[PDB]
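Report on one structure; see the data block that follows.
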Amino acid sequence: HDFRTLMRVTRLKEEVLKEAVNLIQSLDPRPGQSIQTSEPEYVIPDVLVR
Amino acid sequence: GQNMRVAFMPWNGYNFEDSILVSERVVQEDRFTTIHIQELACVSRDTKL
C-alpha cells in the first residue's frame with residue numbers, strides 16, 4: 001500500500017491511477033472457488049440456556 | 001368458469017377426438033388467465049466456524 005513509491009516508480013498519473021487500481025480490484029481473485037460453495041452445518045451443544 | 005360461445009361442428013380435424021379449437025379473441029380478452037404464487041425460503045443455519 002505504498003502508493004507514493006508506486007507513483008514515483010511507474011511515472012503514472014496522479015489520482016487518475018485510482019480507477020486503474022479499481023479495475024485491478026474488480027478481477028475475481030481465486031476464480032476456482034465459485035464452482036461449488038456448499039458448506040454444511042456442524043454444531044453440537046453440550047449446555048443449553050434459555 | 002366462463003360462459004363461452006360454443007359451436008358444435010367438425011372443423012378440419014382440429015377437434016378430432018377430445019381436442020378443442022379456441023378463437024384468438026378468448027386469449028385477447030384474458031379469459032382463463034390465471035395467477036399463481038410460489039414460496040421460496042432460505043435459512044441462516046449458524047456454524048462452528
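A note on labels: chains of the C-alpha cells are A, B, ... as shown, every chain counts residues from 1, and ligands are counted from 1 in their shown order.
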
| request: Could you please select, counting only C-alpha atoms, the residues of chain B within 12 Å of chain A and state them as a VMD selection string? | output: chain B and resid 43 to 49

Applying 12 Å and only C-alpha atoms, which residues near residue B:12 remain after dropping the ones on its own chain fewer than 5 positions away? List them as a PDB file with C-alpha atoms, in the first residue's frame.
```pdb
ATOM      1  CA  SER B  19     -59.424 -31.607 -28.729  1.00  0.00           C
ATOM      2  CA  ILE B  20     -60.824 -28.070 -28.695  1.00  0.00           C
ATOM      3  CA  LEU B  21     -60.463 -25.186 -31.156  1.00  0.00           C
TER       4      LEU B  21
END
```

Give me, as a compact mmCIF listing (two decimals) with C-alpha atoms, in the first residue's frame, the residues of chain A that a backbone DSSP run labels alpha helix (DSSP H).
```txt
# COMPACT_ATOMS: atom_id res chain seq x y z
CA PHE A 3 1.11 4.36 -3.32
CA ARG A 4 3.66 7.20 -3.32
CA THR A 5 6.58 4.94 -4.26
CA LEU A 6 4.30 3.19 -6.75
CA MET A 7 3.67 6.58 -8.38
CA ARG A 8 7.33 7.58 -8.50
CA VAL A 9 8.22 4.13 -9.88
CA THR A 10 5.56 3.96 -12.60
CA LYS A 18 -7.33 5.16 -8.84
CA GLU A 19 -9.70 3.81 -11.49
CA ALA A 20 -6.94 1.56 -12.86
CA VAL A 21 -6.35 0.21 -9.35
CA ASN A 22 -10.11 -0.33 -9.02
CA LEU A 23 -10.09 -2.20 -12.34
CA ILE A 24 -7.39 -4.44 -10.87
CA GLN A 25 -9.56 -4.82 -7.75
```

| task | Find the residues around residue B:3 up to 12 Å (only C-alpha atoms counted), leave out those fewer than 3 positions away in its own chain, and share them as a list in words. | result | residues 6, 26, 31 and 32 of chain B

With N, CA, C and O atoms kept, could you save the residues just selected as a tab-separated table (two decimals), in the first residue's frame?
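Result file is part_33.tsv:
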```tsv
chain	number	residue	atom	x	y	z
B	6	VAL	N	-70.07	-21.57	-27.72
B	6	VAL	CA	-69.60	-22.79	-28.36
B	6	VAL	C	-70.38	-23.02	-29.65
B	6	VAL	O	-71.49	-22.52	-29.84
B	26	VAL	N	-60.58	-15.14	-27.33
B	26	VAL	CA	-60.58	-15.66	-25.97
B	26	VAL	C	-59.26	-15.35	-25.28
B	26	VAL	O	-59.23	-14.96	-24.11
B	31	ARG	N	-59.62	-14.06	-20.84
B	31	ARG	CA	-60.36	-15.12	-20.18
B	31	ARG	C	-59.41	-16.28	-19.87
B	31	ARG	O	-58.44	-16.53	-20.59
B	32	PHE	N	-59.69	-16.98	-18.77
B	32	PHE	CA	-58.93	-18.14	-18.32
B	32	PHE	C	-57.49	-17.80	-17.96
B	32	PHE	O	-56.69	-18.71	-17.71
```

| task | Calculate how many Å separate atom CA of residue A:48 from atom CA of residue B:41, rounding to one decimal. | result |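 Value for the atom CA of residue A:48-atom CA of residue B:41 distance: 27.3 Å.
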
| request: Quick one: pull the distance between atom CA of residue A:31 and atom CA of residue B:42, Å, one decimal. | output: 25.4 Å

| request: Please indicate the distance in Å from atom CA of residue A:34 to atom CA of residue B:38, rounded to one decimal place. | output: 27.9 Å
